[PDB]
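Since the structure comes first, as structure tokens, the remarks are kept for the end.
FYI the Cβ positions are ideal-geometry reconstructions off the backbone, even for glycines, and counts take in every protein chain you see. Derivation of every value follows stated rules applied to the coordinates shown; laboratory data play no part.
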Ligand SMILES: [Mg+2]
Ligand SMILES: [Mg+2]
Ligand SMILES: [Mg+2]
Ligand SMILES: [Mg+2]
Ligand SMILES: [Mn+2]
Ligand SMILES: [Mn+2]
Ligand SMILES: [Mn+2]
Ligand SMILES: [Mn+2]
């Protein structure tokens, strides 16, 4: 289960670089130099890195300091062959963003937020990024009166429409991906799930430029089925990117390494991504627990890729097993793929065998054989059969 | 706080008619005759009633029995002035629907499901229904392999597209509303939240015919902010109908009476619906607890309308208070309504006061005064000020 | 992974006998004759069966009908060698119990509840039961005023104290186990978790007679860590019995087959039960999904035992691996077992190396090597190493 | 609704002093000088203040700096009349505590943890503290193998037993209160709810010295009913202290101001505390949202006390209303207070009216009239009746 750059595993600078500051505790690890993360990630077999603007260029840097940070970063990429497939903006850490970026009540912060984003889009494109992610972590509210959500959605649409106008006027070959999250650090965050984000995209001026970057743990923070939500994003043609990690249920955003948390959901997710032919980055938005030294940071990053490769192998065996193929037919998964009424509304309406002569009681008695199917998947996940 | 038919309160037959059968218990109340619910609801001041097909016509009835049930129902409506503003299909109770209706793996059940729906649409329209609700309570899965969700969404789109073709070919003046629910009775239900439903509607052949019927407790079963989700449905022009009730957090679907559960969320919801001018039915999808006799059933139904009328009065006082108007300006809610960059992308890009000369530290120091605002809302909800 | 009676797997009659009636649906399966469940469970390798009174003797039966049901049941046990290690009372299904059994507000129902329990204790003992379980599924409330919880706890203590007085006066060799559940079918249930039940037991007149029967899915319905709670029950000497099944997070009580739901939690649970030497029944309180025919019912029951046997093997390999032993020492699990201050309070107070000369910064820098440990456990669970 | 020191409202230094550092953001407020919090809290009508050691004495201070901080603090108390009713230790912020204090795997950290606690107990007593709180926020684990929970409970019992030996050998008149929390900042925290803490206390060497300090939002983070859990702590004689705040359901620990979050639960809580005669501090463990300036900090602190005083008035009106007294009798709350079988086990066993001549069907038909009762409570909370 050795990872190679062909597996397209990527990592954010903020992930292995997380110092371990949490709400009740100080940092337990020293800051990594972005250049040293590039090199150690390359050694582990990573395909690329991603970044917030403020991960690479310290907030408040002059153009002269900004340029020097980009230079040393670029040389590290050239020496390693490291790709930069995705970039994003930090619109949440600085106190100025305490009520949001794009949907802050203060108009001047919103304008500032857009200028800060536009500047990092330039850098992202120059560096090779295909996807630009937006996580609106501060867009939201703790109390009901603080935020008129219709106006806030107007302001959110205004911001993304202006970003779309910017990139098309520049001729940049980049798309946007909204990363939803239901809560934390705001009591409720706008566009809280994959679904709300997908619906919002349809009201943008150029919807074709926008998709989602769903994260395993965020959907699970709402008790949702992450594979199902990924299937809906794929069905809509909107899975531009994906954040992989682990989460144990409805609580604070844990960002555990991928495979931890809900193990069966991770299996069904890999099964879907591979059998659907998803070809984008397998990105890990995770946090090595602050109990770990730097040896643990790299072991946790390596475990991310290792668990994906193991689940990939197990899912492929599950689908390739002829006992499983026969179980799928016994559950009538193949009939799910058949149009319900390709004969048309009229034909269906004049089909007495569909309602008048329908033997409802004989149909009710068929078993779906779902448990036998599910035990075969369990056996394959656990390796009790190949 | 007396309810009148002008308040547009409606109730499902299955609500006050709930006998109290729960997963671990037998019915504690006798079945109500639909005609007797119409009359007692009329006496309480209800505006109308809604129904599943199987609430009015016992499953398996002949056309002769079907017709006689509709007759006595219609006379009750004529005698009372009761409206029937919404109707829906029961595609979940009968064992034949154990793997779904529109997305059952068995093709013949899916065809049956559509014929059963189409037949009740005719009745709904003849009876005056403006909205036809679809709750896909059985569309979903307990295990990951049981359901290919991309195919299931194809089958779901096929079903609603055929319903849209039916009603437009008949010239019916009726729209559809999808009622989302995240889980129960399936482990995970398809289209689990308002957002997923809104996104799905955009891929239908005639999206203008379809909106959502959100329910207070269902969104709350995913830990979501119901007012926020209602604001997004209103923003999209898709709030066709609404289910009001109460729910205490993330657990089984309680269907408590409206006002119970999350009381502040009910206040912010009423505030939004009234200040937005929502003009559809205020429908209560609730269940009188099975501890109650028939006196408790009607007291619980009356409490639904009473709590709405009380919250309406308190929300109107909150908005009409000049101290609250001044608190709203102190929090810059009025600036949220101002376009971020109506001067355009070019102007914004050449505005040095938006990024180059932006005093980020002075902006960071502004307080949003959200707590004072929220205490004023609390005071108004509790009646510690008028 | 073949189960034998030595593995002590047991099943309730109500589990494989679940007809599939859920809150929104009718039964999808015919009722099993208790004698036929005994025989098919024996064929699968089950060690024994458990029952509610009302599973074996239909509610309202005369003594003559009661006796005949017990007779045919007993012959089935004698023919198979089937044990009856645990029994319990149904104090939740009948409408008379709609506000509770032991803590119903009506005094006459409480007296009735105790007489019904006492009668089944006699039968349980005559049949060989070592453990008598109490699940107070109706003890609780939907609304805050319905139940004075201090008085209800007085009534709960009164009931169990009287049961303890009964069994000791009869000389029965049986203990009680409280099965906690946080909610469903009541909005909130009294003694909602393992912890509350353990604390309550300490205020009974004879605490030594009472322990807990925790269920995987119930603790998980509160977002709790089930292995941790089992460790606390073992630490207190109170794990009398255990209910094994599966649950996907905070939602309705799913009662999936064991291994489904949270797979890693099931691994850590088996690891604990085996390395602690738990010798009681491995009981499955689960529900074959109502999508299944009778073939699926038995496949689901067999999967319960199969997943336990697979996790047992994987946990034993994890603990037996010398790489894991060395990882445990690297994380200082062995030092956790060392008394903190066996030298005493005085010695500790005069130890300058514990506070005055303590190098807090050097201690802060140690990594706990938890991720490497956890990846070894993952590898063992998945079978990527033996 | 003006608060006076007679109302016994207290606040932690860390509450109004919270600078607004959250997991994704930097501080938005300057640090308050402990002396300035004492004075402004006194002006608002607070009864007293509480503190962690590290709130008053910066970590790593010499005895000379430690003494000077205590001096200026004490003068502020003397000038104001401010009480210090409770104190606690910070065993979670410093990186040395990243795997726990009392249950850290490293034995030397555990010894350090006890010495740090013992030193602040001296100060607490000298300052007048009646209650010493322990929040074991770092005692726990992210992964299953990191922590043997039986050993960790041994180490937890060892620590509290040594604290009990210390305070009794010194003759201090102080008791301990464990503050439970289910998760955050560890994935799972030991003693996660009021119940687990109550059960653990019973295994300490001197249980009479230990009770609980429950927090509104922590129990609610597990979906539990906080009033019910408070009733169980009162029933056991263990409510030594209480943390009041607000929380919106199962998510990160919000620490909103009291009254926010679940408003009806706050009403039922106040109703219980007042009708039970709880006489301890009404302590607010809350966090002014980081959107606020210092005006908002004090408005949020004032709102804490204001909402308590408003709910107190409404609960007293509810109980004093003769319509509510009559509703309580209609629901048979008075019969809940009657012993079930004060006539004894023998009498109960020979009472044919309790089982043989029990009219189960007539009893099943009684309604509990819970909804009418609950609407009266709603009306009182909202002020739709006095
Ligand atoms: Mg992410
Ligand atoms: Mg509904
Ligand atoms: Mg059970
Ligand atoms: Mg606290
Ligand atoms: Mn995350
Ligand atoms: Mn509902
Ligand atoms: Mn269960
Ligand atoms: Mn808290």
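Some points to look at:
- Residue among B:185, B:34, B:58 with the largest mean-square fluctuation in a Gaussian network model of chain B, springs linking Cα atoms under 10 Å: B:58
- Exposure proxy ranking for A:318, D:24, based on other Cβ atoms within 10 angstrom of each Cβ and starting from the fewest, stands as D:24, A:318.
- The calculated 222 nm mean residue ellipticity attributable to helices in chain D amounts to -14500 deg cm²/dmol, summing -39500 (n - 2.57) over DSSP H runs of n ≥ 4 and dividing by all residues.
- Rounded to the nearest 10 degrees, the angle from helix C:149-170 to the longest Cα principal axis of chain C is 70 degrees.
- Across identical copies of the chain, residue C:74 has label-point separations of 6.4, 7.9, 9.1 nm, listed in ascending order, with the point defined 7 angstrom from Cα along Cα→Cβ.
- Note on C:40-46: average number of Cβ atoms from other chains within 10 Å of each residue's Cβ is 0.
- Bridges between two residues of chain B, per DSSP, are antiparallel at a rate of about 15%.
- Axis proximity, chain C to A: residue whose C-beta lies nearest, plus whole-Å distance: C:383, 2
- Between segment C:341-386 and segment A:106-170, the Cα center-to-center distance that results, in Å: 45
- Label spacing, shortest first and in nm, from residue A:295 to its equivalents in the remaining copies (7 angstrom along Cα→Cβ): 5.4, 5.5, 7.4
- Within the listed set A:129, A:276, A:104, the residue fluctuating most in the Gaussian network model of chain A (springs between alpha-carbon atoms under 10 angstrom) is A:276.
- Averaged over D:284-295, number of beta-carbon atoms from partner chains that fall within 10 Å: 5
- Where a label projected 7 Å from the Cα of residue A:205 along Cα→Cβ would reach, residues of segment B:320-351 with amide N under 15 Å: B:339-349
- Acute angle (nearest 10 degrees) that the helix B:63-80 long axis makes with the longest principal axis of chain B, alpha-carbon atoms: 50
- Relative to the longest principal axis of the Cα atoms of chain C, helix C:370-382 runs at roughly 40 degrees.
- Antiparallel %, DSSP beta bridges [both residues in segment D:9-107], to 5: 10
- For chain A, fraction of C-alpha pairs farther apart than 25 Å, in %: 60
- Residue B:356 versus residue D:279: modelled label distance in nm, points set 7 Å from Cα along the beta carbon direction: 7.1
- Residue A:119-residue A:31 pseudo-label distance in nm [points 7 Å out on the Cα-to-Cβ vector]: 1.7
- The protein assembly as shown - share of DSSP beta bridges that are antiparallel (%, nearest 5): 15
- Number of partner chain Cβ atoms within 10 Å, mean per residue of D:90-101: 6
- Ordering C:371-384, C:327-340 by mean Cβ neighbour count within 10 Å, with the highest value first, yields C:371-384, C:327-340.
- Between A:86, A:305, A:368, the Gaussian network model of chain A with springs among Cα atoms under 10 angstrom shows the greatest mean-square fluctuation at A:368.
- Residues of segment D:346-373 with amide N under 16 Å of the 7 Å Cα→Cβ point at residue B:1: D:371-373
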